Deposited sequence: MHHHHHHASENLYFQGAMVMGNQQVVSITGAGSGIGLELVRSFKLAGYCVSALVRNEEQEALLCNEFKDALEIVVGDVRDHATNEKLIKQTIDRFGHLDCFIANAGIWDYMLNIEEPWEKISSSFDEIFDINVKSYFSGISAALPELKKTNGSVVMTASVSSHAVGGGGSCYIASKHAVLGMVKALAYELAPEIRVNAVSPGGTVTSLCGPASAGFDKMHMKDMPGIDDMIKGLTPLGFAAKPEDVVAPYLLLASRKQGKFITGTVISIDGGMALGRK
């Protein structure tokens, strides 16, 4: 009956919008935020309705803590949304290697390894409900232009994870992703001529997590990028 979602990167941007949208859609929600300042925002907005955890998604025990607190408060987990991520600011391959190397470590630890980490930590509990995973990918999973080679590689790697994990975990667990692009969060033409606000981007996540609307969907990546995967207009 009652559905439960856990969301990383939930202190801002799309993550924060997923918290609102999933709460409005009736879910019980847990959230991982980065710091105290983001924690205060959600406490004030949702009072004690949520289960909140502050920590670094690069730390496995923080991910296990998120799962553990979700189960203890709501009793089970139906969907894990791995969404925390970071940009590379168009870092050029001609830069000093040590600068590339340090950035690579951070991009790949947050945008890829941490997804493995949260999925590992969520897996036992999703197996008990035949739940699902949704990963935030990127237009840069499909097309060039919206990042440097480290960012694009990291997001291509997410696509790999989606296909590989969807295949290995079927039939019990669905694994899908969403590929947003050109939406302001904290320059973006896009063929549809505008940049999306984070709220304008959340519906694909709801579909992929929904047990009714999404029961037949796995391995799938839904672009919501104003046409940017097609090229400059």
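Stretches of the deposited sequence lacking C-alpha coordinates, numbered from 1: 1 to 21, 208 to 231.
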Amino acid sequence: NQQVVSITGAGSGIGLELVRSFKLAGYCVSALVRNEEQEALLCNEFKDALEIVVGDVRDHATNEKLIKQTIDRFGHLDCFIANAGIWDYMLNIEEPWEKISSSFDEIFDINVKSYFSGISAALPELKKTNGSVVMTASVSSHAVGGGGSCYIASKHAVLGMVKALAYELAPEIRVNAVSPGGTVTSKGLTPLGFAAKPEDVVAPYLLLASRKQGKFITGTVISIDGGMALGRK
From here on, numbers count along this sequence of modelled residues.
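Between 133 to 141 and 71 to 79, it is 71 to 79 that carries the larger average Cα temperature factor according to the deposited entry. When the C-alpha B-factors of 22 to 30 and 187 to 195 are averaged, 187 to 195 comes out higher. In the PDB entry, a CA B factor belonging to the highest third of its chain's modelled residues is recorded for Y89. In this PDB entry, the Cα temperature factor of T220 sits in the bottom third of its chain's modelled residues, the lowest group. Among all modelled residues in this chain, the alpha-carbon of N63 has a temperature factor (C-alpha) in the middle third. In this PDB entry, the Cα temperature factor of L41 sits in the top third of its chain's modelled residues, the highest group. Ranked by C-alpha B-factor against the other modelled residues of its chain, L50 falls in the highest third.
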